[PDB]
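In what follows, a single structure is set out as structure tokens and then discussed.
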Amino acid sequence: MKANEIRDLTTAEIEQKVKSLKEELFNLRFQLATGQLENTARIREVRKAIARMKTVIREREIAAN
RNA sequence: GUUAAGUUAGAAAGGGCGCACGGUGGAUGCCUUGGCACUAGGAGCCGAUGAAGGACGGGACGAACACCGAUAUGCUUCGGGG
């Protein structure tokens with residue numbers, strides 16, 4: 001997901017995908033607290049994909065300053 | 001046959017000793033998951049660019065340890081490694 005997201009433009013191509021995965025993380029715990037979910041390791045992998053995205057823009061702010 | 005005097009062994013409610021067989025127990029014997037002692041070399045300070053210490057928290061899995069801060073049981077990228 002590195003060159004997939006390094007090549008993405010700074011403004012919304014991370015940010016809307018940040019916001020969608022925030023909404024995606026918002027939905028998966030609802031299935032799990034009810035118990036109506038199976039692939040629980042994806043939920044770990046979603047936040048694993050979240051934290052690697054917020055550090056992209058923060059790295060690019062260092063590239064700015 | 002009995003009468004008389006007369007000796008004279010046995011027993012065990014339970015215990016004493018000798019062996020036999022168990023139980024509690026944790027000593028010894030052996031080992032090491034850590035110690036102390038130094039020698040040799042290296043390092044001898046970190047902080048208002050927020051310390052040391054923490055407290056509170058983070059997993060599909062329950063609390064505690066260890067790891068780690070709402071980017072939370074790693075994250076990117078640089079090498080190693082298969």
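Each chain in the structure tokens gets a letter, A, B, ..., in the order shown, and its residues are numbered from 1; ligands are numbered from 1 in order too.
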
Kindly provide the residues of chain B that approach chain A to within 7 Å, each paired with its closest atom pair and their distance in Å to one decimal, based on only C-alpha atoms (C1' of nucleotides), listed by chain and increasing number, as a tab-separated table.
residue	atom	partner	partner_atom	distance
B:60	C1'	A:40	CA	5.5
B:71	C1'	A:51	CA	4.1
B:75	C1'	A:52	CA	5.7

Convert the current residue selection to file output with C-alpha atoms (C1' of nucleotides), as a PDB file, in the first residue's frame.
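Below is the file result_13.pdb, written as the result:
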ATOM      1  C1'   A B  60     -10.544 -11.423  17.878  1.00  0.00           C
ATOM      2  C1'   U B  71      -1.205   6.598  14.109  1.00  0.00           C
ATOM      3  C1'   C B  75       4.400   2.578  11.089  1.00  0.00           C
TER       4        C B  75
END

Atom CA of residue 14 of chain A and atom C1' of residue 79 of chain B, how far apart in Å?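 So the answer is 28.9 Å.
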
Which value, in Å to one decimal, gives the distance between atom CA of residue 9 of chain A and atom CA of residue 57 of chain A? 9.8 Å

Interatomic distance between atom CA of residue 3 of chain A and atom CA of residue 17 of chain A?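 Atom CA of residue 17 of chain A lies 15.3 Å from atom CA of residue 3 of chain A.
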
Between A:15, A:31, A:10, A:46, which has the minimum distance to residue 63 of chain A (counting only C-alpha atoms)?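 Selected residue with least distance to residue 63 of chain A: A:10.
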
Go through chain A and collect every residue that DSSP, computed from the backbone, puts in alpha helix (DSSP H); the answer should be as JSON, numbers by chain. {"A": [2, 3, 4, 5, 6, 15, 16, 17, 18, 19, 20, 21, 22, 23, 24, 25, 26, 27, 28, 29, 30, 31, 32, 33, 34, 41, 42, 43, 44, 45, 46, 47, 48, 49, 50, 51, 52, 53, 54, 55, 56, 57, 58, 59, 60, 61, 62, 63, 64]}
